[PDB]
Amino acid sequence: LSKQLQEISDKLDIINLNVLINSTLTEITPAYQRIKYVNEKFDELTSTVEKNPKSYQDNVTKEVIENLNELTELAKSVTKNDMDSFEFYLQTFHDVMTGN
Amino acid sequence: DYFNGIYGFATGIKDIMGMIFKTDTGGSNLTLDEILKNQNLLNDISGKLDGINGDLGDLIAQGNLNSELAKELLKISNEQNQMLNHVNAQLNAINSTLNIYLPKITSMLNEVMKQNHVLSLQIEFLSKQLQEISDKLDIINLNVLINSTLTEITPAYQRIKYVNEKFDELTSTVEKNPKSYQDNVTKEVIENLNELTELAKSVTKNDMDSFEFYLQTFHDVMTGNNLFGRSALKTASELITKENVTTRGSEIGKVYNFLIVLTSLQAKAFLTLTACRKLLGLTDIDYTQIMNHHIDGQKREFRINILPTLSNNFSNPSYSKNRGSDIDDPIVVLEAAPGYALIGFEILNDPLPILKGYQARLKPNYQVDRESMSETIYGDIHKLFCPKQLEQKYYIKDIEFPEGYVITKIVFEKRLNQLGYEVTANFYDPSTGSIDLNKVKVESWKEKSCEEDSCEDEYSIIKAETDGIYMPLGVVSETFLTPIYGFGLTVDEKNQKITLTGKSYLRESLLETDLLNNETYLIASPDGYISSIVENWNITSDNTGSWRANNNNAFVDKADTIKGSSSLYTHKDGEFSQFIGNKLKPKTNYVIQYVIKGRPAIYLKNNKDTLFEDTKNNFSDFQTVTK
Amino acid sequence: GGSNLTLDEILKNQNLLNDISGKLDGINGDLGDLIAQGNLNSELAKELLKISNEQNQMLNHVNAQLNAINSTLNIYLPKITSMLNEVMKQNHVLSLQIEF
Amino acid sequence: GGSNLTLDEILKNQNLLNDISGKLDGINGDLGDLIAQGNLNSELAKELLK
Numbered sequence: 001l002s003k004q005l006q007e008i009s010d011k012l013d014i015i016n017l018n019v020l021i022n023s024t025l026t027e028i029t030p031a032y033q034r035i036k037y038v039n040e041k042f043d044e045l046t047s048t049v050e051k052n053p054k055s056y057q058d059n060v061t062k063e064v065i066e067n068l069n070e071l072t073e074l075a076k077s078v079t080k081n082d083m084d085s086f087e088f089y090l091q092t093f094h095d096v097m098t099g100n
Numbered sequence: 001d002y003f004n005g006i007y008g009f010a011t012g013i014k015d016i017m018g019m020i021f022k023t024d025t026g027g028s029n030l031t032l033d034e035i036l037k038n039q040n041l042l043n044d045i046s047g048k049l050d051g052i053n054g055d056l057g058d059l060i061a062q063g064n065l066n067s068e069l070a071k072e073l074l075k076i077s078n079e080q081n082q083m084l085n086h087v088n089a090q091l092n093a094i095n096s097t098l099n100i101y102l103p104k105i106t107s108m109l110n111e112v113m114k115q116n117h118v119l120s121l122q123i124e125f126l127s128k129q130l131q132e133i134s135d136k137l138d139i140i141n142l143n144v145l146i147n148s149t150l151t152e153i154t155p156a157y158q159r160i161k162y163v164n165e166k167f168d169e170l171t172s173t174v175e176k177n178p179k180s181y182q183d184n185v186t187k188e189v190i191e192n193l194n195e196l197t198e199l200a201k202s203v204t205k206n207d208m209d210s211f212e213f214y215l216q217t218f219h220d221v222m223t224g225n226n227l228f229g230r231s232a233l234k235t236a237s238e239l240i241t242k243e244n245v246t247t248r249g250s251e252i253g254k255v256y257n258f259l260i261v262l263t264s265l266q267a268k269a270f271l272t273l274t275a276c277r278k279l280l281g282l283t284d285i286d287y288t289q290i291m292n293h294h295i296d297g298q299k300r301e302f303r304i305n306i307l308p309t310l311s312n313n314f315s316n317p318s319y320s321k322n323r324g325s326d327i328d329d330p331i332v333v334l335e336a337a338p339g340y341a342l343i344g345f346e347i348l349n350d351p352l353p354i355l356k357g358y359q360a361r362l363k364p365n366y367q368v369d370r371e372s373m374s375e376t377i378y379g380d381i382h383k384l385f386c387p388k389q390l391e392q393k394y395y396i397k398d399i400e401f402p403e404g405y406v407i408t409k410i411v412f413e414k415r416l417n418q419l420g421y422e423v424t425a426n427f428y429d430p431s432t433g434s435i436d437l438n439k440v441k442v443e444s445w446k447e448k449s450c451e452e453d454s455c456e457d458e459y460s461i462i463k464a465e466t467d468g469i470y471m472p473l474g475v476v477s478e479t480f481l482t483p484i485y486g487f488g489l490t491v492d493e494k495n496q497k498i499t500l501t502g503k504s505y506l507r508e509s510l511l512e513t514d515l516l517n518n519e520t521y522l523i524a525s526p527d528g529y530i531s532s533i534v535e536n537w538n539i540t541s542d543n544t545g546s547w548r549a550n551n552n553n554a555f556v557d558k559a560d561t562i563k564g565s566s567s568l569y570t571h572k573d574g575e576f577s578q579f580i581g582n583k584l585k586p587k588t589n590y591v592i593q594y595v596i597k598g599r600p601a602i603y604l605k606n607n608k609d610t611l612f613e614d615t616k617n618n619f620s621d622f623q624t625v626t627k
Numbered sequence: 001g002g003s004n005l006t007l008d009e010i011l012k013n014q015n016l017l018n019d020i021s022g023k024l025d026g027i028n029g030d031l032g033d034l035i036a037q038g039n040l041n042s043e044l045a046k047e048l049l050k051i052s053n054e055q056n057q058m059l060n061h062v063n064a065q066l067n068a069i070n071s072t073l074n075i076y077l078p079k080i081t082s083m084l085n086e087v088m089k090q091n092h093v094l095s096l097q098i099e100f
Numbered sequence: 001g002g003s004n005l006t007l008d009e010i011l012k013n014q015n016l017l018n019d020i021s022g023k024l025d026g027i028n029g030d031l032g033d034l035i036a037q038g039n040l041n042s043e044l045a046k047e048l049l050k
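Protein chains in written order, with the working numbering: chain A, 1 to 100; chain B, 1 to 627; chain C, 1 to 100; chain D, 1 to 50.
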């Protein structure tokens, strides 16, 4: 049902009341972009899953610097989930979708 | 020269990355916090305090002293040692940096600057070309879908371009290792230090909740994966295919040029990001995979759901009213060499109405050779295109040969104001680039009545008005020179304007090479001329070749007035000489053009006659003139 | 009090660092007093003095960190908590003025 | 000028230099009054004097 949305995308050349769909999109699309971006950081999580079999076996005190690296990408991404930020974007997105 | 296409450009940026990715950092934690201007000052403190502390510590180590006095002196020793230790720690950090790191980093950065400049020369042309396209496009009757992509893309684009610009220029204006920013005197450590600090501040600001968000979403909007999947590529296609945009090149040319601009932007940004990372400390990230994946995604988009919808039809960009003739039967032939092929046209009038025709050999998959190119200039083309107070018969056809053939000779016929022509094509092989010379096809008549019945009818006519007929004006070619298989004339006498038109192989010329990631070889449309009787007329290499200056006030000087380009400089006696007599055939017209700043003294002299001389105009900023 | 409430302070080792500080203080005091006794082999004195310097440096930076943490958790957090608790109630009161 | 060699970290170096001056003065005071106690061999005083 994600793809079917494109079957509307191609044929939604709609006019004559575009002020509303200018206002709403200009207001919503940043949060949407950001949420999708955060999500794709979990395709790179899957990349770390692919990494996993390369170090799942040598967890005998070697991980202390091996697997403290090899995931620093996530260790960063997560730190970008605080501090007057992404939480905010999720919240305001919900607020608009509900219409508050 | 050549433009090696988006795939080659990506390979170049990837090689630059692979270069910078490896060299070194030693960790070295380039945090700007280091005062870095007291490498001299702290050294004095370190030395003096070291001497004092050593003296006092040795006095203690002598032993044999009053016990409480020993405790007091030991506490003094501890305090002094603490102060000195933290001071020399700061100094040691600074000096370790200014000896181990700045040489390494400066070297790598200087290396990255040159190859960046080289790759920028690969799109300098299309930069200004897209600028011009932006100048002549109007968005009237736009849909909400357009405003959609505009608001979805504009901030990311703004910031990506800004960063690319800023970093790329700062790569240059940062003093290199000659100074090594050393303690040498000062004010090198004000200015070079300010610039280094600014580089540091910029690269630092590239690791947060931004700019790996901006890049990604930019790529997404391009591919068309936003909240309702409208690729900005498609909306740009729609905007461009809207008319009133009549400039050089067809639809495919313009949209592909747009995608070139954007893909070059993205690759440059990836390079900048990796450079920032290496310039900071550790955790290199091999972005090449993501960059290639994104580029291939955008190219797949462009290939699948835009390209098959566009036309290779291309028209003259402008028109011009001109008074021609009727009592003449002008005949014009534009016949490429037997191993050549027509690759576009151009109409100029400033010296006089002139049609110019380019020709060249072919490389496989409809690729043109840079050399073997040739420009040919023809005379009073208006007299073929324009009447004088009498009607003009114009037979109008969309002549096109089958695929694999290439238009190889276009002969014009105007007989008592009846303007027809002759289009002859030869066979060509895309796999080998070879053009056959024994399988041709001809077209003698220029209408649809002859197209369906081989009967003479269905021309169009123009009633000669007073001031002149709007004749074609400008360039007749795709943005990239390309053998054409379609040609025609489509005059619209309703407003008394004529228009040429052809169909280009550009689609197949690239679909086999670029969008399949192979060695592409295109050539941007030459804005001006390409050859000259004057050998090395384009003096830039600080070498004169056949040019000669018989005075030291006449010198070559790549930076004559600026390093941007050379322009033979002469002051108060300067004379640049070149024997040219052997090549000018007698009793033949010649057009002259040159870009001159100041007031030079120009002469075409055989020591007896000066066939031309201009010594009057004063030009502050390199005005070009043609006579 | 200025008190520079920078979060950097580990602030969960106020116990752990104290053990290190105490033990190293005892050791350094013993060795320094042994030196201050004087009347000892000169080069041996130089060696022990260098050991003293190294230990004193380590201990000094450690107890500096501890002193920052403890100065905070004694001088600042009471003050700040009091002021914050005070600001909470009056905020709530004023919010009752526009709840409707 | 002055910051011709600085970057309005005149203040940063200024405070650093001030702290260093304070610590050095505090050390010098203890050294001086320990001298004032005196009552030592000449060299074991003269070296401290130096």
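Even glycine gets a Cβ: it sits at the ideal position worked out from N, Cα and C.
Give me whichever residues DSSP pairs with residue i in a beta bridge.
i               : result
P472 of chain B : B:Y319
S210 of chain B : B:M208
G357 of chain B : B:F345 and B:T376
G486 of chain B : B:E400 and B:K503
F555 of chain B : B:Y569
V368 of chain B : B:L362
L522 of chain B : B:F3
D492 of chain B : B:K497
I want to see whether chain A comes within less than 8 Å of residue i, judged by CB atoms only; does it?
i               : result
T11 of chain B  : no
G229 of chain B : yes
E152 of chain B : yes
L32 of chain B  : no
I need the boundaries of the beta strand (DSSP E) containing residue i, first residue and last residue.
i               : result
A341 of chain B : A341 to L348
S374 of chain B : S374 to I377
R415 of chain B : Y405 to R415
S620 of chain B : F619 to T626
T610 of chain B : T610 to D614
Tell me whether residue i sits in a helix, a strand or coil according to DSSP, three-state version.
i               : result
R548 of chain B : strand
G420 of chain B : strand
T204 of chain B : helix
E443 of chain B : strand
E27 of chain A  : helix
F167 of chain B : helix
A70 of chain B  : helix
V332 of chain B : strand
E63 of chain A  : coil
Please check if any C-beta of chain B sits within less than 8 Å of the C-beta of residue i.
i              : result
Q57 of chain C : yes
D13 of chain A : yes
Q91 of chain A : no
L40 of chain C : yes
Are the C-beta atoms of residue i and some chain C residue less than 8 Å apart?
i               : result
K278 of chain B : no
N194 of chain B : no
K128 of chain B : no
Since residue i is in the alpha helix (DSSP H), which residue starts that stretch and which ends it?
i               : result
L34 of chain C  : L16 to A36
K299 of chain B : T288 to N305
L279 of chain B : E251 to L279
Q593 of chain B : Taken as a continuous stretch (DSSP letters only), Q593 of chain B belongs to no alpha helix (DSSP H), being part of the beta strand (DSSP E) at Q593 to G598.
Checking contacts by CB at 8 Å: is residue i closer than that to chain D?
i               : result
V174 of chain B : no
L74 of chain B  : no
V245 of chain B : no
Inspect the CB distances between the region 140-150 of chain B and the region 534-543 of chain B and report whether three or more fall short of 8 Å. no
So, does the region 340-348 of chain B touch the region 475-483 of chain B, judging by three or more C-beta pairs under 8 Å? yes
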